[PDB]
Amino acid sequence: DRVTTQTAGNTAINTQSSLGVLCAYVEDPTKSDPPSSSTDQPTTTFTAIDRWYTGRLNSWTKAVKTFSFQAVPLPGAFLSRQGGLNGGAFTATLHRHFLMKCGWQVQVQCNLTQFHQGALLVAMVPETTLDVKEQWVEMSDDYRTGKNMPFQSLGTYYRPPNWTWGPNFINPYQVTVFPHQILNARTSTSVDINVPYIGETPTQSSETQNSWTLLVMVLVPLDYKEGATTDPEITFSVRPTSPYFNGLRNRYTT
Amino acid sequence: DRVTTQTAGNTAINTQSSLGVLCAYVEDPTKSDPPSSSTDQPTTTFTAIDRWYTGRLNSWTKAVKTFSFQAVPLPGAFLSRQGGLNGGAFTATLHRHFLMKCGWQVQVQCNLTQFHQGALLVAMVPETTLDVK
Amino acid sequence: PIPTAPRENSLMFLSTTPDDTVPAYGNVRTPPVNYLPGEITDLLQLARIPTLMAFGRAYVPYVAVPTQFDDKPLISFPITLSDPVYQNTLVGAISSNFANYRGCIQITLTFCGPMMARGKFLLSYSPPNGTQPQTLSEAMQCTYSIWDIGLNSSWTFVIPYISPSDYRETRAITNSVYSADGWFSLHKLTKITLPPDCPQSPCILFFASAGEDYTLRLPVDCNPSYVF
Amino acid sequence: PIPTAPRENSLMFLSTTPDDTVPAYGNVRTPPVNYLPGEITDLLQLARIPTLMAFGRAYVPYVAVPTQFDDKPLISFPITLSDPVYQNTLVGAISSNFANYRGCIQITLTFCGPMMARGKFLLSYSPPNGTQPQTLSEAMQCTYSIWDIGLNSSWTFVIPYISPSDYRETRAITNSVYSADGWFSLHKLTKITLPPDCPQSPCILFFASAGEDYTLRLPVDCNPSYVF
Amino acid sequence: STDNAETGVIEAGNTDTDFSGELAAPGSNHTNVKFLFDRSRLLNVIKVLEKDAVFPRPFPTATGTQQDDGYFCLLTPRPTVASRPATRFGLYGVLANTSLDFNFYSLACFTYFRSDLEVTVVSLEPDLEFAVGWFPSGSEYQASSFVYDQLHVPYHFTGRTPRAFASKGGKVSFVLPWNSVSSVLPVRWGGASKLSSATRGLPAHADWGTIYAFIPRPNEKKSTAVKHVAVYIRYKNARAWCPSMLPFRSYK
Amino acid sequence: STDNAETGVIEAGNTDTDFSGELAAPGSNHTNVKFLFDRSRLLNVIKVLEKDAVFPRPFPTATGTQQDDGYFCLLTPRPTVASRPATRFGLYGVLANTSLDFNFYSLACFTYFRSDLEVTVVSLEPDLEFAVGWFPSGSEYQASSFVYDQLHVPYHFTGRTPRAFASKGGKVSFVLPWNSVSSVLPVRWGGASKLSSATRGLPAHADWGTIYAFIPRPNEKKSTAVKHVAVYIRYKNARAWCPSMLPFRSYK
Amino acid sequence: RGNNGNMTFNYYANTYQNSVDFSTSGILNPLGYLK
Amino acid sequence: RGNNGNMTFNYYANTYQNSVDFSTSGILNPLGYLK
């Protein structure tokens, strides 16, 4: 039924309100192949990294508006340790390899009660720059238009143009095209999404890629009568499925 | 003949004066079994640690007397980085595991010339405390 | 030499000729794309994915349900795919780039109140009348379905394809019956009963997907107004 | 007469059309060339022939090995086929007339000291890092091979094709990872032991050939700067 | 019908799911990705070279740099600026040439894209005999000139790349392969093209190359009036991956 | 791997020779000699005859010799000077017309070469109706004129050799065989063409012939403005022998 | 087949007209599966 | 076959289009053999 335990290595995570794992674009997104752009023998999965990594995420309050989101890059949250997400031997393997190729498997836990309302949109969003320059990022007109995405400054030679659009916008009404599940306060306390590797190349650089971004967006604001539990904490669990590390070198220095 | 190259992972070390590998106590000392004193699944060899680690050792002069030795612990030289012997992902795996069980395979390089004399006794010595003050 | 007679439209660049042209830099082997999953073959694979609607109360994907309300629809939007409740749905955005549609619009709701809330809603669809139906009695006489709030938290209302023509215009320029197909309206049948210490005014989150028999025809030029 | 419709690119001279033209002076029997040996069919037959590199100390095909040296590479050149250590190799000159390469660069050394000289060298190749590796410890952690000086006087180091793409740019215009593939570096592991009455500072003569899986793509216009 | 949207999968129903009805017969298939993108549209209006060019220097460009602007068309549906790839798209010192494929991004509901590109270059000048050069993705413009009988002839009359010569009042049309080193074009991108000091969301080599139009006369025959030319592109055999968003249609 | 370079033969190894790796899959074959040379490139810019010519007299030419210079294109990738074969290539009395195939010698890593030549003659003048003559290797230009109805018509309007007439604004393109008496063209040559008083390294008949452009009007219709024309050549079915060097790319 | 009404005759080869991948040696499916 | 995309039809003969020798009656080999 709704009680599933997902063992991965020495890690087993439980939920008793499971909505079923949302597999993205294929039946088994764990099935993956070695990259065709690297002639060396890749480093496949091993039991110290074939596990779940649990980080915290910022609390969800009544003051958090509609479409106010919160983004977790993959594997970008392993590098910067976003939300206390120490990647262990996965990040230790990732800093020593130039290319990395994996799909992901996420679970975002957020336990509400039967007296709470509200909804979260937990989605895996491909190729966004939402970690680049509060507890929650607000959906302004700059995020809806891509107007605030990073750019090369044209210099003093050019007249600086009125920037009006960028392709890494967020249309906040179309975030359910992504591999998503809604974390309703009256159906479930956690959601499961399994995504495969995607990218412009068969394998991408370990330090730079943002092929998947975990996106937790508020669709309905949190509401409760006073006396209930205020500000429930959002946490997430990330499991890399089938990594193909390539290009072994020394640990990454800037 | 005396020209052997020993590939291990991404590491190949050469010698053109090979005396043959002195295998200790058995035919193949690489054949090993998981320990019987640990119920967890062990971490066996993987290609980032299945390799040679090259460290320096102190120079051999005329002032060095007979029986004056120099000791390298295993895996104690991987911990303290004795002689610039950074163990890479082997020491990184060793600091994260409580028990470890391996045999070793060593090669000590020291090129003299046909106008030099002297002898060194390179030996693998079980259970000594020769690294301690 | 073969005697030919070139036609009146010789040396003409027509932008949508169904025909190839000369290769300038041929014999190029591209890197294979067999590693990428999720290949889109048709864009109706994505119109069938339900996306959020938008409702003027700062536009909102949901509808709050006030505890006292008249005999009016709690929300009511016309069945016209150029209406601004459809601008940011993948149905109404893909369909705005075509000229016809054929098939069923699908409205999915999601009750986002507490689990302790009960209640019943009357989800009605009216074909185009002279006057938009407002009373619960007038919405009962149309195509309707009553949705009970309970363990399951959704109801996919499928708007029927009722049309005088095999295709309908996806943009009401002149607001005729070939482009505007009546109204969807959400009435509350019985009021929402909450226990003590539960939030008032729960929210019904709307979606808008395409039916399994939804079809689009005649690609037109875009509206470049998003980039301004 | 056959009705034809000539296209928009009629009467156009494209310099690389994959097609013939009208014979003006046909039916000409050339003298046979079956007497000449060494017919070249592909120019990768000649990129695989190792030719001398050039090293700024009046540029020099070799590298002298000084008797006292720090913990630096004795020579270290980047793996970029537009670098001036490759300008006069047949690899780097044929590849400079193309736009992509794919496969293994091959560096052959030749120790040109006396026969009485011994010594060991660490031939390392680093993939592109943020900082070029200089220490023998940093060069040990990369792709390396130790070459013993002895009866045989060469060592063909094969630089692996480590790349994020199936092809690499053969000219670093913008010095990205698609064009610059890290560094080759020659360290001396143990110092060269000479007997009395032997010349100090012996020379390692470098070569640069193509691997057996080396490939070139997209012929580009030449650099006519040799004729100036 | 009774459903759960928190599942993340909602089955597309019909009239017969709840009501008494039937399926509509499927009329067309015009939403086919290989069909819907296989049509020409105006990409960019660039100017015609009358002499050899100086290609625009990389960003940030300082004042006083004598370069040649508005001459090169970077063949991408993504936003470009000053014949170089951009991330933000701008419009209105030197007014930088910006381009964006308006028809593409209103239907680019996907993350990755790959096609063969059919470039058509239409003259916007009365009775112009122009000539179109092209150099591939990750290549660069050859910028000098050689003297043939006391006439500076630029090096973009020759090369191993296509140079298509038009007739007087004619047009230029040829199809280009997917020449980039990437497997697909990132419609949206989240990574960086360099390890140090790179811009996020800016792909290095997501293009079918760069074209430029030139007048097939030497540099001494340079006129004064600036001649413009229009660039139309068609996506042949278009394939799309990984469903994504469409831009925010505002309500004001 | 352990090798000897003094052998003179070094086997091209792969990653799996010493290291753990594999072979890269062979992508292209663009280094094919028959493919890589089968593309047009600018050979020479010659002028257009408005009257009958006097072919340039052999070297050394003294002052005061009334001859006609810059009019004939000696079809060779080798250096030519004054429509005659050269050994040294020069650039800048009378300024002599020098030509060299820049694209050829940067990839002429071989000693001998033979192909069929595809000559394309493109006008460098606005709306020119010109005409291209050609005479084979080891032949010579016919230099006089005949009077047709009080009009001096030169003898290069007729002959048993190709004369290709262009339209007004058109081009001329035709393929030529290997017509020389030599079996192959010496890219590099070490011999002499005569037993006594010859120049070393100078082949006598290493060419596909000589072209010239003329205006198809009689000598009385001679204008004043000098008209120029461009010569493009393509090597059809190119074969190469005996591997050799590529030119010295300087380091300054 | 795209926006191609040609059913008769392709003049150029499939490698010249199109660009085919290299090797490493109706029914519209859902883009997401509930497992 | 060179830079020739024609697979269908040659209009002129092989002796007119090309120039063939007269008679006197993939695998890339090395250009030098160690014997």
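Letters A, B, C, D, E, F, G and H name the chains as they come in the text, with residue numbers starting at 1 for each one.
The rule is short, and it goes like this: a contact is a pair of C-beta atoms (placed from the backbone, for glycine too) under 8 Å apart; a residue touches a chain by one contact, two chains touch by 3 or more.
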### F-G compared against E-G, more contacting pairs
E-G
### Central chain (distance from its CA mean to the mean of all protein CA atoms)
E
### Query
Equivalent interface to D-F, which of C-E or D-E, with over half of contact pairs matching by residue number?
C-E
### Task
State, to the nearest whole Å, the distance from the C-alpha centre of subunit A to the C-alpha centre of subunit G.
33
### Query
What whole-Å value do you get for the distance between subunit B and subunit C if each is reduced to the mean of its CA atoms?
70
### Query
Rounded to the nearest whole Å, what is the centre-to-centre distance of subunit A and subunit C, using the mean of the C-alpha atoms as each centre?
28
### Query
Between subunit C and subunit F, what's the gap in Å when you average each chain's C-alpha atoms?
68
### Query
Which residues of subunit D are in contact with two or more other chains?
7-11, 13-16, 18, 20, 22-23, 26, 28, 30-33, 38, 40-42, 44-46, 49, 100, 128, 130, 141, 143, 145, 160-161, 165-167, 177, 218-219, 221, 224
#### Entry: Multi-chain contact residues (two or more partners), subunit A
20, 22, 24-26, 36-37, 39-41, 145, 164-165, 171-172, 174-175, 177, 179, 182, 184, 187, 198, 201-202, 204-205, 254
### Query
Going by the touch rule set out above, which residues of subunit G reach two or more other chains?
3-4, 12-13, 16-17, 19, 22-24, 30-34
### Task
Spell out the part of subunit D that touches subunit H in their complex, as residue ranges.
16, 18-20, 22-23, 26-34, 38, 40-42, 44-46, 49
### Message
Applying the document's contact rule, which stretches of subunit F touch subunit H when the two form their complex?
### Response
7-9, 32, 34-35, 38-39, 116, 175, 177-178, 236-238, 243
### Query
In their shared complex, at which residues does subunit H touch subunit D?
3-6, 10, 12-13, 15-17, 19-24, 28-31
### Footprint of subunit C on subunit E - complex, ascending
1-6, 10-15, 17-19, 21, 23-34, 36, 39-41, 89, 100, 102-103, 105-107, 109-110, 112, 114, 118, 120, 122, 134, 136, 161-162, 164, 170-171, 173-179, 181-184, 232, 234, 236, 239-243, 246-251
### Task
Within their complex, state which residues of subunit D touch subunit E.
7-16, 99-100, 128, 130, 165-169, 171, 173-174, 176-179, 218-221, 224
